[PDB]
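Next up: just one chain, as structure tokens, the form deposited in one PDB entry.
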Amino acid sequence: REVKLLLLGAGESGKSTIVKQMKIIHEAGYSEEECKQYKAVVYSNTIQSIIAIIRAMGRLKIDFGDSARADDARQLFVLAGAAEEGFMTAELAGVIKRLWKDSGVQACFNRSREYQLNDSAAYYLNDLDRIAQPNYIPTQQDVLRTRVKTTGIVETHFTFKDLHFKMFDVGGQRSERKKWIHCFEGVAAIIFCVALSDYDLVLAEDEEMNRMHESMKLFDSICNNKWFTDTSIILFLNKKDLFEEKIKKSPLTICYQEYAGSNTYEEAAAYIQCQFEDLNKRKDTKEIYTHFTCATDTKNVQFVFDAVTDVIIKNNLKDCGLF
């Protein structure tokens, strides 16, 4: 059953968006006794999260959207003490709900790139109701969401077609890329997200650099890698949706000057999928398994995922292939 997809890709590839999608389309958890032990940890980190989003409202000027949000915030420090016990009185529950919903607290979390946020601070508050329920048991995902920053590798469990997946997000930015070896073990198939819109955008790592050309480079290092020969490679041209818009104005020539093709979503987006697959040293014996995708659209990540899963079955099985 264990697939364990890896999420590789250039920065801003949208790999993070793919992670949240699994929470929606899929829902699984099977370790109820183990989860109860964690229950203190879940309620704990959640209070630590919104408190971050709150104090950031000070150091960055940000008023609460509604005047009413005053007093609810002050209360949070009081009821929060019970949350350390792993208990959640409903009064603690709604008080948090009013804050995260706020038009102004949302002003902070968009800003979150500056102040440190808890790793899970979104995933928890977004589902704050389900955790609130009496004698709540953490989902098997909830346990993984636990802990202070350190591992640098987000975990995400979900069971599709009765097989347990373990997606492992890793930051696209070059600083994060060195971390990637930790996830290499036990992988079934890689998804290599790549933003088609990047064709004009420059990396934050280097404004001179073309973001797309950067994707072509590290992608070669992975697909060619001897370690991955056993593992399926599956390209994921992310953000096909916004790309059809931006192409209408900007020429593709901003990335591949040689290009002649029309400003159409087909000739344009498809042209990249040509240049990428060409990198393969082993076209004779290795299939790229490309798939256009739109992480922002849950409807599109879903039907596509159904196809990719089938390839994992017929191809991958039993202790990383051999026996």
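In this text, residue numbers run from 1 along the sequence as written.
Another form, the form solved in complex with a partner chain, is not on view; read the next lines as being about it.
A.B. asks: Are all three of 170, 184 and 222 close to its partner chain in the deposited complex, meaning a heavy atom of each within 4.5 Å?
C.D. replies: Heavy-atom distance to its partner chain in the deposited complex: all three under 4.5 Å.
A.B. asks: Though only this chain appears here, would residue 177 touch its partner chain in the deposited complex if you measure heavy atom gaps against 4.5 Å?
C.D. replies: Yes - in the deposited complex, heavy atoms of residue 177 and its partner chain come within 4.5 Å of each other.
A.B. asks: In the deposited complex, does residue 101 come within 4.5 Å of its partner chain, counting heavy atoms only?
C.D. replies: Output for residue 101 is no: heavy atoms all beyond 4.5 Å of its partner chain.
A.B. asks: Given that the partner is absent here, does residue 227 sit within 4.5 Å of its partner chain in the deposited complex, heavy atoms only?
C.D. replies: Taking the distances in the deposited complex, the answer for residue 227 is yes, it comes within 4.5 Å of its partner chain.
A.B. asks: In the deposited complex, does residue 132 have a heavy atom within 4.5 Å of its partner chain?
C.D. replies: No, residue 132 stays farther than 4.5 Å from its partner chain in the deposited complex.
A.B. asks: Which one of 122, 107, 218, 234 is close to its partner chain in the deposited complex, taking close to mean a heavy atom within 4.5 Å?
C.D. replies: None of the other options qualify; the answer is 218.
A.B. asks: Would you mind picking out the stretch of 210-218, 241-249, 132-140, 157-165 that comes within 4.5 angstroms of its partner chain in the deposited complex, counting non-hydrogen atoms?
C.D. replies: Flagged stretch: 210-218.
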